[PDB]
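In this note's numbering, the protein residues as written are 57 to 1070.
Cβ atoms here follow ideal geometry from the backbone N, Cα and C, with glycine treated the same way.
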Ligand SMILES: *[C@@H]1O[C@H](CO)[C@@H](O)[C@H](O)[C@H]1NC(C)=O
Ligand SMILES: N[C@H]1[C@@H](O)[C@@H](O)[C@@H](O)[C@H]1O
Ligand SMILES: [Zn+2]
């Protein structure tokens, strides 16, 4: 295993180093506005060395943006695919690349058999080529790597099954900025090449000048280079035709033959395309070939890529003709005019890459090595695209919830083979597909129109219900004596209980367990733990009486705590935000202990008075002018007081101090240690009154943020033996700090209501001497070092926070882990800040045509980990990566993959068992079974189960932490007959494994295995 901490990779281009050196001046470069006047030596190309040009036709089809997926499919995409089928069938040399499998599968299944055969034939012969092959072209900023892999797998599994092809070249022309997580997953999924486009105009200029637009992109920690994936970055401002034939859009626009008028399109540079004829072909070719030769100077080989397309292009038959015919005339002239020394033709993406590598092997070029990312993107001037790191945060949080429910549903149901009547495969496929669709770059990014966002939300809601159905049927089968198990596949044996989604104050959706002497004395609940190690975690349920006690299935008592059910209300009468307690439902909390990838059953039983092993939290409402808060039979009366500073400590955990406004002011790790200053503050960013306005994509603040005026907020303090908390009703945010004995959990119920042109940010102020350095993660997979650059505007220093961020000095680190992707930064030494929601009245001129005014209450969740790191073995100062500690990693897992909770729905569960998985191996803490998926239906004689194993890398900080078992996924199911290492999509076998044993992976590596069972 490579060491991912101690050896700084030696690469030709390291993006953080490049950023430190670059000046980012935005000067007018001439017709290439963001470049310079390119010059070339006409003698470079000659009879023995021609310029091979590949014109690659394409059509960018968004699975939802301005229209929903289905509206685009009906109005545009089905016609584009239908006409592509006809036109390619009829014109053997014409080519076309297709990226979005969600649309392709939708089309293909509607085709009659004769057309399915013609489509397979044009794919088989190479005229229509799939690029990437994922369900969508995902966002690369907010998406979790697990969902990037799920959607890639959903589209490639469909392509292998129906088209018998697996793309090895990727095409990502539209995500707003690019992540090295893509080459990471692709190279482990059989890919050999990838293409990207949206990178900062200054980066395009800088790499173009050194001919470093093509590079072997390796991971920032990869010293050997085995993760490297050849990458081509497009050089210009857009992937449309005006910005893909060469440096001058006024000339390239003349070669988009769809712009002559009848299609309603035109050239903004005021010179229209003209139909190619024998009288103008020499002059038109001379213009086009000169653009091509200028583009060619930016690359190292004699093979040139010329994409030919734009959004939802190649829809009409007349459009196919007008582009194909005019280009065929140009190629016939150019290729027969030796003085151009060019051979041009229609080609596919793979053809371009194969020819580039042939040039490379012939010794004509060597490519530079590069590591780093391409965030934060700016397409022009100071318009940095950091706003979409936060836009539509309710759905960004929903993304993470469904991410987990999909994994849990696939894992719980993988243990058995199911009869087709159970509709398990059906429900799982629907859930994987709706979550995969939302990975689109207008889905999770929050850049779609309002009704499209609603469509993604409905799809995800149906996916969540599908996951629940599968999960609860699976729990019932796993925990019921087999000879008693009598399933009704449409029945709800259990309902899931989720404390954080939609979240208290977002939706009253949780059911109350109703117990009573005259109706039902007890109720079974079951917890599932998707992680491969024993895990304990507090779980809570609503119950109809405070006198409830908990036992495990051996009837051993379990210590429990009951707290009131508090809801916050914006009282329109008193004009205050304050909590009301329920006088009929209460919260019971207890520690559940669950086996690796397993289940554990508990029983809640009512009694007529306080049970022996249940304690009751005290509650203290701090506000001036209080009124009574009765709580029904809750046994402890609520106490009141004027606002004041308070201090809490749960268990042996840290002691946290709060200000009289209910916000954290310090954390004391142990009895003796100092009260380290850590202050939470809420501020607001506004919008500029002149110049460019912030919108769903762009963040253009009118300066640093201003403090939210807090007034004298109501603060609620609940203190319990297992859980305590401090909650405060601030303008737009009920902010809650929850303590259970370790790093606190923070929850914000964010309702920006009608505060127009406002962005609400949560900031942490510490005295940590971080300077200009901070770390943020990429797709929940790795942490990358960031350096605040005062030479760039505030919004350029915002980066995606898909799951965590941290600051540190020689001795102290503060890590903020998130349960949803949001945007954030460290704008001054010792600070961390992360945007909660943004409500923008204006459109930001990128085509959405509306602002963001559809905000809804969202419950954001986090874990805040303050730690001493002076003893940790950290990467040197020059290493571009950072790594979490064991505590920060476990806190991230507590947010993203919590225990699942199930409540038995009927009155009695006959045949109930108390546990599943007690014999599953409890793997080392840095290993995860990211995916467990049965790959075969019940009629397959040989069953197959796939696993994706991911090992993260945690800092060595001196804690011995051993005693774990080797996890061999190939032996998790019995009767194994074969074990293979496969690509991450499970589509290709890479290694037949000895002894049918799946070795564990190295730190920061991910591997996939498939076990076969007789
Ligand atoms: C699928 O593609 C492979 C590779 O070209 C070919 O050999 C095979 O016959 C095709 N159809 C099958 C057998 O699935
Ligand atoms: N090019 C446009 C469409 O393709 C959408 O994805 C927009 O967000 C924009 O990028
Ligand atoms: Zn797009």
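Check whether residue i and residue j have beta carbons under 8 Å apart
| i | j | result |
| --- | --- | --- |
| residue 452 | residue 876 | yes |
| residue 497 | residue 828 | no |
| residue 1032 | residue 1052 | yes |
| residue 670 | residue 706 | no |
| residue 421 | residue 374 | no |
| residue 1036 | residue 1028 | no |
| residue 111 | residue 332 | no |
| residue 399 | residue 740 | no |
| residue 915 | residue 796 | no |
| residue 692 | residue 646 | no |
| residue 1000 | residue 1008 | no |
| residue 961 | residue 550 | yes |
| residue 925 | residue 1058 | no |
| residue 474 | residue 480 | yes |
| residue 850 | residue 820 | no |
| residue 120 | residue 462 | no |
Cβ-based neighbour list, residue i, same chain, cut-off 6 Å, excluding 5 preceding and 5 following
| i | result |
| --- | --- |
| residue 570 | 600 |
| residue 578 | 659, 661 |
| residue 967 | 536, 537, 540 |
| residue 833 | 839, 858, 859, 860 |
| residue 591 | 585, 650 |
| residue 93 | 86 |
| residue 228 | 193, 252 |
| residue 190 | 207, 208, 211 |
Alpha carbon of residue i to alpha carbon of residue j, nearest angstrom
| i | j | result |
| --- | --- | --- |
| residue 897 | residue 812 | 6 Å |
| residue 824 | residue 723 | 13 Å |
| residue 127 | residue 378 | 26 Å |
| residue 595 | residue 583 | 9 Å |
| residue 542 | residue 141 | 49 Å |
| residue 906 | residue 826 | 39 Å |
| residue 257 | residue 395 | 34 Å |
| residue 923 | residue 560 | 30 Å |
| residue 251 | residue 279 | 23 Å |
| residue 912 | residue 974 | 42 Å |
| residue 874 | residue 917 | 6 Å |
| residue 123 | residue 997 | 44 Å |
| residue 994 | residue 943 | 41 Å |
| residue 715 | residue 921 | 19 Å |
| residue 1047 | residue 788 | 55 Å |
| residue 737 | residue 682 | 25 Å |
| residue 158 | residue 609 | 45 Å |
| residue 776 | residue 847 | 49 Å |
| residue 60 | residue 757 | 38 Å |
| residue 312 | residue 1041 | 37 Å |
| residue 338 | residue 386 | 8 Å |
| residue 510 | residue 903 | 19 Å |
| residue 656 | residue 581 | 9 Å |
| residue 65 | residue 425 | 10 Å |
Cut-off 8 Å between Cβ atoms - residues of its own chain near residue i, not counting five sequence neighbours on either side
| i | result |
| --- | --- |
| residue 447 | 501, 502, 503, 752, 753, 894, 908 |
| residue 721 | 701, 713, 714, 715, 733, 734, 735 |
Own chain residues within Cβ distance below 7 Å of residue i, not counting five before or after
| i | result |
| --- | --- |
| residue 72 | 428, 841, 843, 936 |
Runs of beta strand (DSSP E) lying entirely within the region 956-1036, each at least 3 residues, in chain order: The DSSP assignment places 956-960, 983-990, 999-1007 as complete runs of the beta strand (DSSP E) inside the region 956-1036, in order along the chain (cut-off: 3 residues).
Heavy atoms of ligand 3 versus C-beta positions, residues under 6 Å: Taking each Cβ in turn, the ones that pass are 116, 118, 230, 497.
Alpha helix (DSSP H) runs wholly inside the region 161-198, at least 4 long, in chain order: Secondary structure within the region 161-198: the alpha helix (DSSP H) runs of 4 or more consecutive residues, fully enclosed, are 169-180 (chain order).
Length-filtered (3 minimum) beta strand (DSSP E) runs lying within the region 506-577: DSSP runs (the beta strand (DSSP E)) wholly in the region 506-577: 550-552.
Residue ranges of each alpha helix (DSSP H) within the region 254-287, 4 or longer: Counting only runs of 4 or more, we get 257-265.
Any alpha helix (DSSP H) of 4 or more consecutive residues that is wholly inside the region 394-452: Counting only runs of 4 or more, we get 405-417.
Segments of 3+ residues assigned as beta strand (DSSP E) that fall wholly inside the region 723-796: Every beta strand (DSSP E) stretch that sits fully inside the region 723-796 and reaches 3 residues is listed by chain position as 731-741, 771-775, 780-786, 789-795.
Contained alpha helix (DSSP H) runs [length at least 4] in the region 196-237, N- to C-terminal order: The qualifying runs are 201-219.
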